[PDB]
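*Asks:* If you scroll down you'll find the structure; I have some questions about it.
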Amino acid sequence: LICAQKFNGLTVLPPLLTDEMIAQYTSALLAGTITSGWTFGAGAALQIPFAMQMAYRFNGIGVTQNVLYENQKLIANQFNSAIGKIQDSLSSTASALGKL
Amino acid sequence: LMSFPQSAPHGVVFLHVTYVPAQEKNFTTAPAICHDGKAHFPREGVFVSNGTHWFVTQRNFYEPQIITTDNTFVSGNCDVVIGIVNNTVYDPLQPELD
């Protein structure tokens, strides 16, 4: 298949960015988010404890902080379980990658 | 902040006027304070400290104030919250009373 394609001039100019590089990019973005809130998109990143940034995002949607600072533990448990369900849904043959 | 257009052949050009914080300092935050066993949260700021005292200030420009009961509000006992710090929440009513 691949060499057959190559056998009439048809080449595949390889990508400029290598998947390792892109993965490093996403790692950078992820660390920036989970450590600097939303600031670093507007200059230098600013370290800020996670829980406080979460409470800020809650005030974002009109929910006063005390709900977060009183349900933190439950929040953590729910988020972890959700991540696990994502792991399953993707690892399972259930294929969301039709769009690719 | 704002933006001004400026024409150009077969096109257009904007001049966005953005706003960017410049130079920072690290401080020691905390989620809340309980003066009398009851927590106290910032209404819009964040609790910070130069190391000795405590203040609340807006999230984008260091400008501390003294913690009055007017930029803070209470949500019950102070046992269930994490990272709280024993301190006093000064009140203006008593000093202005006399």
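Identifiers in this document derive from the order of the structure tokens: chains are assigned A, B, ..., residues are numbered from 1 separately in each chain, and ligands are numbered from 1 in order of occurrence.
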May I have all residues of region 26-97 of chain B that DSSP, computed from the backbone, assigns to alpha helix (DSSP H), given as a PDB file with N, CA, C and O atoms, in the first residue's frame?

*Replies:*
```pdb
ATOM      1  N   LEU B  93     -17.613  48.597  63.583  1.00  0.00           N
ATOM      2  CA  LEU B  93     -18.736  49.095  64.377  1.00  0.00           C
ATOM      3  C   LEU B  93     -18.291  49.540  65.765  1.00  0.00           C
ATOM      4  O   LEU B  93     -18.623  50.643  66.210  1.00  0.00           O
ATOM      5  N   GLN B  94     -17.558  48.685  66.470  1.00  0.00           N
ATOM      6  CA  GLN B  94     -17.153  49.021  67.834  1.00  0.00           C
ATOM      7  C   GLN B  94     -16.312  50.288  67.909  1.00  0.00           C
ATOM      8  O   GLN B  94     -16.620  51.153  68.747  1.00  0.00           O
ATOM      9  N   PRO B  95     -15.264  50.480  67.099  1.00  0.00           N
ATOM     10  CA  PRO B  95     -14.489  51.724  67.222  1.00  0.00           C
ATOM     11  C   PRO B  95     -15.275  52.972  66.859  1.00  0.00           C
ATOM     12  O   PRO B  95     -15.029  54.036  67.442  1.00  0.00           O
ATOM     13  N   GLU B  96     -16.214  52.883  65.920  1.00  0.00           N
ATOM     14  CA  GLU B  96     -17.004  54.053  65.556  1.00  0.00           C
ATOM     15  C   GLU B  96     -18.162  54.275  66.521  1.00  0.00           C
ATOM     16  O   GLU B  96     -18.807  55.327  66.489  1.00  0.00           O
ATOM     17  N   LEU B  97     -18.436  53.287  67.375  1.00  0.00           N
ATOM     18  CA  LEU B  97     -19.507  53.409  68.360  1.00  0.00           C
ATOM     19  C   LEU B  97     -19.307  54.633  69.244  1.00  0.00           C
ATOM     20  O   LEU B  97     -20.202  55.477  69.373  1.00  0.00           O
TER      21      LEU B  97
END
```

*Asks:* Using only C-alpha atoms, find which residues of chain B lie within 12 Å of chain A and jot them down as a short mmCIF file (atom, residue, chain, number, x, y, z; two decimals) with N, CA and C atoms, in the first residue's frame.

*Replies:*
```cif
data_model
loop_
_atom_site.label_atom_id
_atom_site.label_comp_id
_atom_site.auth_asym_id
_atom_site.auth_seq_id
_atom_site.Cartn_x
_atom_site.Cartn_y
_atom_site.Cartn_z
N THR B 18 -4.55 46.13 24.46
CA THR B 18 -4.66 45.14 25.50
C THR B 18 -4.01 45.63 26.78
N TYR B 19 -4.21 44.88 27.85
CA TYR B 19 -3.70 45.26 29.17
C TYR B 19 -3.03 44.06 29.80
N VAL B 20 -1.80 44.24 30.25
CA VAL B 20 -0.92 43.14 30.64
C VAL B 20 -0.25 43.48 31.96
N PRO B 21 -0.40 42.66 32.99
CA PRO B 21 0.32 42.90 34.24
C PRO B 21 1.82 42.74 34.03
N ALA B 22 2.60 43.44 34.86
CA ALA B 22 4.01 43.63 34.54
C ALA B 22 4.97 42.95 35.51
N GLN B 23 4.92 43.27 36.79
CA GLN B 23 5.92 42.75 37.72
C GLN B 23 5.24 42.35 39.01
N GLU B 24 5.63 41.20 39.55
CA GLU B 24 4.88 40.54 40.60
C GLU B 24 5.72 40.34 41.85
N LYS B 25 5.07 39.77 42.85
CA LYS B 25 5.69 39.39 44.11
C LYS B 25 4.91 38.20 44.65
N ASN B 26 5.62 37.26 45.25
CA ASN B 26 4.98 36.08 45.82
C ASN B 26 4.62 36.33 47.27
N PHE B 27 3.45 35.86 47.67
CA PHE B 27 2.97 36.01 49.04
C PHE B 27 2.36 34.69 49.49
N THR B 28 1.98 34.64 50.76
CA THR B 28 1.44 33.43 51.36
C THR B 28 -0.05 33.61 51.56
N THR B 29 -0.83 32.99 50.69
CA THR B 29 -2.28 33.07 50.76
C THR B 29 -2.82 32.14 51.84
N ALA B 30 -4.14 32.00 51.86
CA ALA B 30 -4.89 31.03 52.65
C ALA B 30 -6.35 31.15 52.24
N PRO B 31 -7.15 30.09 52.35
CA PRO B 31 -8.53 30.19 51.88
C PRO B 31 -9.40 31.06 52.75
N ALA B 32 -9.22 31.05 54.07
CA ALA B 32 -10.18 31.73 54.92
C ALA B 32 -9.59 31.97 56.30
N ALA B 39 -16.06 30.84 59.84
CA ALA B 39 -15.18 31.18 58.75
C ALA B 39 -15.50 32.57 58.20
N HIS B 40 -14.61 33.07 57.34
CA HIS B 40 -14.76 34.37 56.70
C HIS B 40 -14.14 34.29 55.32
N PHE B 41 -14.91 34.54 54.30
CA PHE B 41 -14.32 34.46 52.98
C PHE B 41 -14.23 35.85 52.37
N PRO B 42 -13.39 36.05 51.36
CA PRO B 42 -13.35 37.36 50.71
C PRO B 42 -14.53 37.51 49.77
N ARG B 43 -15.12 38.70 49.77
CA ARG B 43 -16.24 38.92 48.88
C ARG B 43 -15.79 38.91 47.42
N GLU B 44 -14.69 39.58 47.12
CA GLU B 44 -14.16 39.59 45.76
C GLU B 44 -12.65 39.49 45.67
N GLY B 45 -11.93 39.48 46.78
CA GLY B 45 -10.49 39.55 46.74
C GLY B 45 -9.83 38.21 46.99
N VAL B 46 -8.77 38.24 47.79
CA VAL B 46 -8.06 37.03 48.19
C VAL B 46 -7.21 37.38 49.40
N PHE B 47 -7.15 36.46 50.35
CA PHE B 47 -6.42 36.74 51.57
C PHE B 47 -4.93 36.55 51.35
N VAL B 48 -4.15 37.58 51.66
CA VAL B 48 -2.71 37.56 51.47
C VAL B 48 -2.05 38.10 52.73
N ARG B 59 -7.62 40.74 42.55
CA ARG B 59 -6.81 39.67 42.01
C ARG B 59 -5.87 40.10 40.91
N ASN B 60 -5.76 41.39 40.64
CA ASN B 60 -4.89 41.82 39.55
C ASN B 60 -4.08 43.07 39.84
N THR B 72 -16.09 40.89 53.47
CA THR B 72 -16.03 39.50 53.89
C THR B 72 -17.44 39.04 54.24
N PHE B 73 -17.62 37.72 54.30
CA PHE B 73 -18.91 37.17 54.68
C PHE B 73 -18.71 35.78 55.25
N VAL B 74 -19.64 35.37 56.09
CA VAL B 74 -19.48 34.20 56.93
C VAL B 74 -20.34 33.07 56.41
N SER B 75 -19.85 31.84 56.56
CA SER B 75 -20.56 30.66 56.11
C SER B 75 -20.43 29.52 57.10
N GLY B 76 -20.57 29.81 58.38
CA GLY B 76 -20.62 28.75 59.37
C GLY B 76 -19.29 28.48 60.04
N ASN B 77 -19.31 27.44 60.88
CA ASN B 77 -18.16 27.10 61.71
C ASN B 77 -16.92 26.86 60.87
N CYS B 78 -15.76 26.95 61.53
CA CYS B 78 -14.47 26.96 60.85
C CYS B 78 -13.69 25.67 61.08
N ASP B 79 -14.40 24.55 61.12
CA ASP B 79 -13.75 23.26 61.30
C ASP B 79 -13.66 22.45 60.02
N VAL B 80 -14.49 22.76 59.02
CA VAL B 80 -14.67 21.87 57.88
C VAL B 80 -13.85 22.35 56.70
N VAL B 81 -13.38 23.58 56.75
CA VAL B 81 -12.63 24.16 55.65
C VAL B 81 -11.16 23.80 55.82
N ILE B 82 -10.44 23.77 54.71
CA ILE B 82 -9.04 23.37 54.69
C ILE B 82 -8.17 24.61 54.69
N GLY B 83 -7.00 24.52 55.33
CA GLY B 83 -6.01 25.57 55.24
C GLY B 83 -6.37 26.87 55.93
N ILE B 84 -7.43 26.89 56.72
CA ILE B 84 -7.80 28.12 57.42
C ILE B 84 -6.69 28.50 58.40
#
```

*Asks:* Would you pick out the contacts of residue 37 (chain A) at 7 Å or less, using only C-alpha atoms, so that residues sharing its chain but fewer than 3 positions from it are not included, and give the list as a list in words?

*Replies:*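 Final neighbour list, sorted by chain and number: residues 33, 34 and 53 of chain A.
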
*Asks:* Would you put the residues from that selection into a file with N, CA and C atoms, as an mmCIF file, in the first residue's frame?

*Replies:*
```cif
data_model
loop_
_atom_site.group_PDB
_atom_site.id
_atom_site.type_symbol
_atom_site.label_atom_id
_atom_site.label_comp_id
_atom_site.auth_asym_id
_atom_site.auth_seq_id
_atom_site.Cartn_x
_atom_site.Cartn_y
_atom_site.Cartn_z
ATOM 1 N N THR A 33 -1.963 25.495 32.804
ATOM 2 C CA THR A 33 -3.313 25.576 33.345
ATOM 3 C C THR A 33 -3.346 25.165 34.806
ATOM 4 N N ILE A 34 -2.902 23.948 35.116
ATOM 5 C CA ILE A 34 -3.079 23.443 36.472
ATOM 6 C C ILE A 34 -2.212 24.135 37.505
ATOM 7 N N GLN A 53 -7.916 28.506 42.817
ATOM 8 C CA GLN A 53 -8.257 28.740 41.425
ATOM 9 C C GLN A 53 -9.583 28.086 41.079
#
```
